[PDB]
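Here is the structure we will look at.
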Amino acid sequence: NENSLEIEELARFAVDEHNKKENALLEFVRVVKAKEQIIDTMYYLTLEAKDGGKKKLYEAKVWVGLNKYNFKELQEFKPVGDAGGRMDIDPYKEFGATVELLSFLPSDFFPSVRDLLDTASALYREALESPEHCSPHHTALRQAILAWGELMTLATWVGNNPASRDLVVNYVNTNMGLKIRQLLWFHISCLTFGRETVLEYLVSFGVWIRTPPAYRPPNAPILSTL
Amino acid sequence: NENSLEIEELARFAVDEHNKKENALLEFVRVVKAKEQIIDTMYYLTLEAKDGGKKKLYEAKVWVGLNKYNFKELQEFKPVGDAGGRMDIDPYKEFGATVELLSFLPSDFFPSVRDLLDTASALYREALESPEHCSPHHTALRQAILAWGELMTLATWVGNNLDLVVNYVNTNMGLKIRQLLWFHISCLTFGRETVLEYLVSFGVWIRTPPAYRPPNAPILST
Amino acid sequence: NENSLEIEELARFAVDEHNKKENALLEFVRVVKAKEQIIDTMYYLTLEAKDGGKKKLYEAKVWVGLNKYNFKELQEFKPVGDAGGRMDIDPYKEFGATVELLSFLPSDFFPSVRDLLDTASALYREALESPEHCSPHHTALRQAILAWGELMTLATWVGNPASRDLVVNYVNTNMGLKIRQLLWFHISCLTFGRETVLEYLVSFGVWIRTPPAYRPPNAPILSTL
Amino acid sequence: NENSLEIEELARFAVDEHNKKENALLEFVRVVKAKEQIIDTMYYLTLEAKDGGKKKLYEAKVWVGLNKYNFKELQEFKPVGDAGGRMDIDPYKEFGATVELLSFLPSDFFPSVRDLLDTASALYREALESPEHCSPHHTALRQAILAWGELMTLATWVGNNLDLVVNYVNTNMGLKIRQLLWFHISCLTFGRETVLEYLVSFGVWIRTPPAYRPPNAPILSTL
Amino acid sequence: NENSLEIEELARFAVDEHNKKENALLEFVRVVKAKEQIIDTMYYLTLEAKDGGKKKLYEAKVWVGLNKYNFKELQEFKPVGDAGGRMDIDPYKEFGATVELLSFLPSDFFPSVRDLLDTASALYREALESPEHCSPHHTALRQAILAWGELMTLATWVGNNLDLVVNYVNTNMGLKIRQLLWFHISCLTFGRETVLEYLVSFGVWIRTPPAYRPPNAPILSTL
Amino acid sequence: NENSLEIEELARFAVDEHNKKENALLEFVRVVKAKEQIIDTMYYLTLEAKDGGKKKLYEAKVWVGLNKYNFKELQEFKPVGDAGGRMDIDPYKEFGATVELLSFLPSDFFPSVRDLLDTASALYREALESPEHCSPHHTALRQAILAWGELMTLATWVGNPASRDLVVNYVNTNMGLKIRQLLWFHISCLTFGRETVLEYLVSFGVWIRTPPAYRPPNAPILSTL
């Protein structure tokens, strides 16, 4: 049952099983989902546990009076979410940059997502929507635009459907929007001005933003062709 | 004031001003934000206006005892997020496929995203992490993996704040990331033309009646 | 009028006068519509009358108190154009095959019409929507897809009792099996070549004509190789 | 059974499962067809789920006291008919025209289906029955003749067992047959470029106000 | 303020200062707009000065007890709108015609704006949306379509906040749009010299008395 | 009539019949004009009805004491032609640029339309009045000048309360900003060359997209050099 304590005893036996076999320390405290399925039954539970205080959604799968004093052994302990830095991929390791080279510019230096998308559809709409990879900045820019598209359909999903679920809309509109603004800015600018120009402009704007306000020249470096 | 009636009247003035000027019909429901800036009061409203069955947010800039007895005037009603469908981009058009060719295969054909990320990290990790454009498949694979990373980071954020959204991600964005990861991993392994032929072969194999096709499903291997 | 005995007598003497003049076997039941044009009434006798026993239509036109006792004579008795196929066209005869070559394939050899349409779309959509011909198979495929679409708008329209529910059943199975044969033949002649599909239909005819006891237990499969 | 309460509850459960997986407003009204098969009991449930006032044939498959204490599992909400606009074929686009261009010609410009079928059977019956491709217009004309044949056999079928659907075909579905037959007969008779220039000049004729249009509407001729 | 006596005396002083510098008969009636800015106090005075029965929007700028014991200094009497006939552009003169020549055709010869816009969207929509110059007629036709778009958005704007100005556009400003659309669609379809000879021959047709003109008014055709 | 409930019932059953037949969302308030043609009244139902909530027009035509109890059916429901731009034309797309490239320039970057017209006149009047093309910029410049002139005759006509005073304000600012963008773009592409104006719009977009804190304090200037 969902409310009964037998699922809690089941995944609690699973969690001290873990702390015995794999030198683990997890604090299973509650169950959101615990499926029941008869074949002996085939339970499917998820166990949420503090990992040094940090929560993580796992999945429990144990082949089990008659449901407590039975043959009891877990077989799989698969967690939910492989996106845990298991590959440290840098979006800008190709093309010459790094991530921390793109931290020379401040956070609110980048244009909006609307202004960058108007820029991309201004100068490069024919080359983006095209049956050829023109250049690697296009292959990255197409994926960046579609990623922002599916993020905004998720935003209108959670906006259409408790009642204070606008905070997640603000979270996607800012915190992932910043990464997509950097990733759009970098590729539009490397397409327009050349890749060496953006990479040395990043250093020159770095130097400009290093210096204190009393000694900073009043005209920042800027990308131009004039 | 952050929850007054005057910001609600300002939101009604903004929504009927946009309705009269830019020729739309937006039914305002609720306000989510109001930033006061004294220079005359320069307000900064963001309100959600119901539109045809879709509750969507809208940023506003109005400038207005002394507050309501003043010349209020709307300067901007642009929405949030540019995704109104202004670019038609396939993820698979520079490669030779289309999106309909990858929905030719069944939905549950594609291995789950855990298995595909393990397949990617077990086989191309020293090229998906190196400073080269080895191929466009690597260049699209990197952005697909990092987009899934942002999506799962958002999933753990919503879990640790405020669920149906965590499985909504896996049903909807998970299927497109499964097709994308499958396509690029298989195109790196077996070649691109071999995957483009396998797609139509497995498609027409799953369409035929079972008594008139080869009995075992197509696999691609070496 | 419409339900009067005068229109029925008009049509009775019409079918009997056809029996005098042009000598075909004919009998009559019902007029479905009789418009009038008085100038001497130039009737429009859309009368159903049986050449061969069946309820087919004969639009007639006669020159007729005084409406009974006057001259009655036929100048027009013609049906609606192509009665049952005045020309005998074979939809595969230009492509090598015939209908007699494809009448051996069973009713469930063909995938469902959604699956044939999805195969056609998802495998040749850029060539079925181009302004070029590129093949006669693409031309017949375009017309076949549009004919099925026109028929599906009818299937939607009739849904707007069980009468409409069996009309949808008719237009999905009975016609629709012809759409599936046409769609299969054209996307298979494009996929595998055309001589390969004709050789496959020959050898599948040999397989399906054999009794179940004296043939290999599973049908030939189509693939180009 | 077919008309009892269990398949109604099963179809309502299937339509709310569809509202869980695809998240729409599908309103179930009546079960169309139903098959009850033992295996555990399998069902081939043809239900009708109305969509905001429009009706389309849909399907359900929910494998189910002993049949009700079981895992009720839905697998599909497939449509019956692939006419969801998934492919936009233009029947004239391969021939230089479009349906934008054949609406210069009004609805009642076109000759009747009888008058076009006997023009085809008078002028091209040898080559519309011959085993070669003489043109793309021949291939496109054979199909239109045969599709009218299927429409007429559906008309005489529905006139045998049960109204006004017989004159839904001959007008509303017969209009596009008349357009196709006119276009292909006229392109075989007068040439293709002559039919395109005729469509343009008939657009100029029907475009002008009635005070200044000439009374002789433009016509195709060769002599 | 806006409606008091000081801006009325200020506007009358501005209009007699205009009668001192340009020496005409401009009759001030009412202040249209007014802005009061401190500096000494600056004014952006939009006054209306009627000119012998005709009205045109004009402007005044008179920089002024303490505000009235000051040097009241006018600097401009500028018009609002450069349509004083300062440049005489003919929209057809680059194409061989003139508006003297397109008045052979009467007012109601021209097809409606709908019937010309869908002829353009049926026959040239690919090249009227493509990033190259295919002709001067294409460049001249894109602008006429977009100017009709601006006229229609002004029509639906004035139909949202407040009459009969909505049918001032569609008739009186729509007539020149119909003339431009007819001229450019017909020059793209039939050639340019054919449209000039058609204008000449329609002048011959509408010129003759009704006893001897043929009933078929001349028409453009290619077949 | 005009204000009768019969015309409103005609238009109500018209919009409901559109909902049955062609399946669009629709609701109705007002008929603005209903002409009549009796032969059986062939009405001209210029009824405003909302596809999407807005007050757009539907000119309809119906065949209808006996005027209530008769057959009512639609054969015509069409709006006025180009509803909102059936074709999507970009006024700068042939000239290299787009509207997305020029939407970054602020509203006061452009000189007033008198100053752009005086620049056009006093700098290219002999070439804007010649019978030669000489450029597509001259062609678009001629049409832009004439469009503004036609709009200014309307601004004069509406002046012949505050309603006309805000209509003149609309036609001077809202349209008129488009005239200023068009006039600026064409006289600047003629003055400075065309690639120079496109490069200037790129670099001005970079300047205006930057926040005020992280850009040089004054905009790029346009000159050929």
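Pairs with C-alpha atoms separated by more than 25 Å, drawn from the list C:56/D:56; A:35/D:68; D:33/D:56; D:33/D:55; B:33/B:68; A:68/D:68, are C:56/D:56; A:68/D:68.
A helix-only calculation puts chain C at -16000 deg cm²/dmol for mean residue ellipticity at 222 nm, using -39500 (n - 2.57) for each DSSP H run of at least four residues, averaged over all residues. Which Cα, out of A:64, A:32, A:97, lies furthest along the positive dipole direction of region A:1-116 (beta carbon charges, K/R +1, D/E -1)? So the residue furthest toward the plus end is A:64. Here region A:164-221 is treated with +1 on each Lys and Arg Cβ and -1 on each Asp and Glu Cβ, and its dipole about the Cα centre works out to around 120 debye.
Just list whichever of B:50/F:178; F:21/F:78; D:50/F:54; E:21/E:78; C:78/F:72; B:20/F:20 have alpha carbons separated by over 24 Å in the model shown. Distance filter (> 24 Å) returns B:50/F:178; D:50/F:54; C:78/F:72; B:20/F:20.
In this simple spin-label model, placing a label point 7 Å from the Cα along the Cα-to-Cβ direction at both residue C:132 and residue E:166 gives a separation of 5.0 nm.
With the Cα gyration tensor of region D:128-189 giving a ≥ b ≥ c as the square roots of its eigenvalues, does the rule (a/c under 1.5 for rounded; else a/b larger than b/c for prolate; else oblate) give rounded, prolate or oblate? Since a/c reaches 1.5 but b/c is at least a/b, the shape of region D:128-189 is classed as oblate. The distance from the alpha carbon centre of region E:203-223 to that of region D:1-79 is 70 Å, rounded to a whole number. Backbone N atoms of region A:1-41 closer than 15 Å to the 7 Å Cα→Cβ label point of residue A:70 belong to residues A:1-2, A:6-11, A:35-41. Using only side-chain charges placed at the Cβ, +1 for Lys and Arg and -1 for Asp and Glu, the dipole size of region C:3-128 relative to its Cα centre rounds to 380 debye. When the charge dipole of chain D is built from unit charges on Cβ atoms (+1 for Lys and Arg, -1 for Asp and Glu) and taken about the Cα centre, the candidate among D:110, D:70, D:23 whose Cα reaches farthest toward its positive end is D:110. Would you work out if chain B is rounded, prolate or oblate? Take a ≥ b ≥ c from the square roots of the eigenvalues of the alpha-carbon gyration tensor; rounded if a/c is under 1.5, else prolate when a/b is larger than b/c, oblate otherwise. The shape class here is prolate. 3J(HN,Hα) couplings calculated from phi for region A:153-158 with the Karplus curve 6.51 cos²θ - 1.76 cosθ + 1.60 (θ = phi - 60°) are, in sequence order, 5, 5, 5, 6, 5, 6 Hz; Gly and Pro show x. The mean number of partner chain beta-carbon atoms within 10 angstrom of a residue's beta-carbon across peptide B:151-160 is 6.
Each label point was placed 7 Å from the Cα along the Cα-to-Cβ direction; for residue E:99 and residue A:214 their separation is 7.0 nm.
Compactness of the protein assembly as shown, taken as the C-alpha radius of gyration over 2.2 N^0.38 Å, stands at 1.11. Over the Cα atoms of region A:98-166, the radius of gyration divided by the Kirkwood radius equals 1.07; this is the Rg/Rh ratio. Dipole of the protein assembly as shown computed with +1 at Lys/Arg Cβ and -1 at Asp/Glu Cβ about the Cα centre; of B:167, B:1, A:121, farthest Cα towards the positive end is B:1. For region F:7-44 versus region F:146-197, the inter-centroid distance based on Cα atoms is 38 Å. Roughly how far apart, in whole Å, are the Cα centres of region E:117-165 and region A:70-145? If you average the Cα positions of each part, the centres end up 40 Å apart.
About the centre of its Cα atoms, chain F shows a dipole size close to 400 debye [charges on the beta carbon of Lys, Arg (+1) and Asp, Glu (-1) only; nearest 20 debye]. Counting Cβ atoms of other protein chains within 10 Å of each residue's Cβ and taking the mean over peptide A:20-32 gives 0.
Cβ: placed from backbone, ideal geometry, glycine included. Neighbour counts: every protein chain shown. We did not get these values from a lab; they are worked out from the coordinates using the rules stated.
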